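K.L.:
So I pulled this structure from the PDB, and the sequence comes with it:
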Amino acid sequence: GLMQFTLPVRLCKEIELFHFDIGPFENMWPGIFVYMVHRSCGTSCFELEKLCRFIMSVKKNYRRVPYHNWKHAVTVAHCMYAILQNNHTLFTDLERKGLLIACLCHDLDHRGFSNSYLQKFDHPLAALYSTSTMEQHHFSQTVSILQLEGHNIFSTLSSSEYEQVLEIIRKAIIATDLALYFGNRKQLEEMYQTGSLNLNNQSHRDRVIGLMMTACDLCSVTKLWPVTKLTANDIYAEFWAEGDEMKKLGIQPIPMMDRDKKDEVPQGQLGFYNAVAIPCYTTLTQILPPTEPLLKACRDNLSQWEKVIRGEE
Ligand SMILES: Cn1ncc(C(=O)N2CCC2)c1C(=O)N[C@@H]1CCn2cc(-c3ccccc3)nc2C1
Ligand SMILES: [Mg+2]
Ligand SMILES: [Zn+2]
């Protein structure tokens, strides 16, 4: 009822901004998440005791991998929170419940390997799920945790609202498969430009939410440059581990995953800001003007990678 979460002043202020970094104090991340559910949804969205137990079961099922870890999940939920808070009146009650949860859960039980590696390794999960292999697993792990005893944070919904929210979560996690992003963004681009984009059209809303998921998932690129840089190192730590495993399967990895080709990182960053990041936040800005700060920050980081390449760092 009356038991607000409250954050220190610097955090209380800076958490509202897109570029906020959640800090190195793991013990504070659960409290940050709850704070954001309470402001984004209401103190009355979730039974606190259930929410707390869900969060701690979610955290327990992230692994100790350089990038795809509990910090990443909480980072991705904070970017979603800042989008929701900036676009108050665009989303439903169900959407605001579903999407923070979806984001906290979107990489559950990730091992640091790509859908590619699972498929080339011939991992069991590539037999159960032949595309978006990991993302189908991350959805499946979310349903498992929701069905633990005392873990149904959705217990007050009806049969159909519950089914709607779980359907919001499932699409939202699947959309974090970057292979799906390109086609999603192009259709949104064609729709927005021709004026056919329609936010009572559920198939259009799904597209838009998928684009939000990509934006939150990649939100590394929208931080202050030192966060961006030190995050990049965790990303590459995983990719080069996967490359070492590709070499052990007797397969020359893609350069992105080859630690011997570290020199070309700056160039690959530009490619990715140009081919993925910037177009994502550009299209996001057009559909939701108040997310422009993500585009601006992303552009500032593109310029940092250019400086790296001109040897000015
Ligand atoms: C920042 N960010 N955030 C999430 C992701 C991301 O793609 N994923 C999947 C899991 C997260 C990234 C990222 O930067 N991805 C780039 C993709 C293409 N590319 C090519 C090279 C590259 C090419 C030749 C030599 C050296 C390096 N480096 C990259 C990194
Ligand atoms: Mg993922
Ligand atoms: Zn992710």
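P.N.:
Here it is on my side, so go on. Numbers count the residues shown, from 1 in each chain. Ligands and ions are numbered 1, 2, ... in the order given.
K.L.:
for ligand 3, what are the nearby residues on this structure?
P.N.:
Neighbours of ligand 3 within the chain, by CB under 5 Å from the ion: 107, 217. For every residue, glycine as well, the C-beta is placed using N, CA and C.
K.L.:
residues from the chain in reach of ligand 1?
P.N.:
Within the chain, the positions near ligand 1 by CB under 6 Å from any ligand atom are 178, 218, 220-221, 235, 255-256, 261, 264-265, 268-269, 271-272.
K.L.:
What residue in the stretch 51-200 of the chain comes nearest to ligand 3?
P.N.:
With CB to the ion as the measure, residue 107 is the residue of the stretch 51-200 of the chain nearest to ligand 3, at 4.2 Å.
K.L.:
what number of residues lie near that residue?
P.N.:
Per other CB atoms under 10 Å, the neighbour tally for residue 107 reads 25.
K.L.:
so it sits right up against residue 73, yeah?
P.N.:
Yes. At 5.9 Å, residue 107 counts as touching residue 73 under the criterion of CB atoms under 8 Å.
K.L.:
Next, show the common contact partners of those two.
P.N.:
Common neighbours of residue 107 and residue 73 (criterion: CB atoms under 8 Å, 6 or more residues apart in numbering): residue 62.
K.L.:
And the residue of the stretch 151-300 of the chain closest to ligand 1?
P.N.:
residue 268 (2.3 Å; CB to the nearest ligand atom).
K.L.:
That residue - nearest residue in space that isn't next to it in sequence?
P.N.:
Nearest in space to residue 268, with sequence neighbours left out and distances taken as CB to CB, 6 or more residues apart in numbering, is residue 256 at 6.0 Å.
K.L.:
which residues touch residue 125?
P.N.:
Residues near residue 125 by CB under 8 Å, 6+ apart: 118, 133-134, 136-137.
K.L.:
cutoff 7 Å now
P.N.:
Residue 125 makes contact with 118, 133, 137, according to CB atoms under 7 Å, 6 or more residues apart in numbering.
K.L.:
Next step: these restricted to helices.
P.N.:
If you go by DSSP state H, the contacts of residue 125 have 118, 133, 137 in helices.
K.L.:
Any chance of TSV for those residues, columns neighbour count?
P.N.:
Formatted as TSV, the ones in helices among the contacts of residue 125 follow (neighbours: other CB atoms under 10 Å):
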residue	neighbour count
118	19
133	21
137	22
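K.L.:
out of the residues you listed, who's nearest residue 59?
P.N.:
Checking these against residue 59 with CB to CB, the nearest one is residue 137 at 17.4 Å.
K.L.:
That closest one and residue 267, how far apart?
P.N.:
Distance of residue 137 to residue 267, given as CB to CB, to the nearest Å: 32 Å.
K.L.:
Then residue 113?
P.N.:
If you measure residue 113 against residue 267 using CB to CB, the figure is 24 Å.
K.L.:
Return the list of helices and strands in contact with the helix or strand hosting residue 272.
P.N.:
Using DSSP states H and E, residue 272 sits in helix 265-272. Using 3 or more CB pairs under 7 Å, 6 or more residues apart in numbering; DSSP states H and E, the elements in contact with helix 265-272 are helix 292-309.
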